[PDB]
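Encoded as C-alpha cells, the following chain is the form deposited in one PDB entry, with no partner shown.
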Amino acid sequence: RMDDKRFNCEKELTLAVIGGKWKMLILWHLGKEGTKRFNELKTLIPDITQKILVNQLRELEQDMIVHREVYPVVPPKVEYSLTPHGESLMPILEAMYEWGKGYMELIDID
C-alpha cells in the first residue's frame, strides 16, 4: 500500500515544525522551565538575535506550538508557553536528546 509515502510526509512534517537550529531550543526551555517572557528566552539562548527570536516565535505561534498570552496587569505581562501540541512534542525532543548522548558516547568510546 501507500503506507510509506504517508509515513514519510507525517515524519517530515514533524521535522519541519522542529526545523533548523533555533525552534527546538525555544521549545526545550519552554517545556522544562514553563512560561517565560521574551527577555528570558533571549537570555536563556544568548546566541539568538532579537530579530531571529521574534521570527521563530512568530512561526511557532502560527504553527500552534507556542501560545502567547497578555495579562493586562500593571504593567502588562506578555508571556510564552506551549500549546498542548507543543507539550506532546516535548517527550520526542527529550528522547532525541537521550539517544544523541548515548550514540555520541558510542562514537567517542568506539
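Whichever C-alpha set is largest while still superposing within 1.5 Å between the two forms counts as the rigid core. Throughout, we count residues from 1 along the sequence that is shown.
If you look for the form deposited in another entry, you will not find it shown, but the lines that follow are about it.
In the core-superposed comparison between this form and the one not shown, the C-alpha atom of residue 77 has shifted by at least 2 angstroms. A decrease of at least 3 Å in the separation of the C-alpha atoms of residue 42 and residue 76 is found in that other deposited form, compared with the displayed form. Cα-Cα spacing of residue 98 to residue 7 is enlarged in that other deposited form versus the present form (difference of at least 3 Å).
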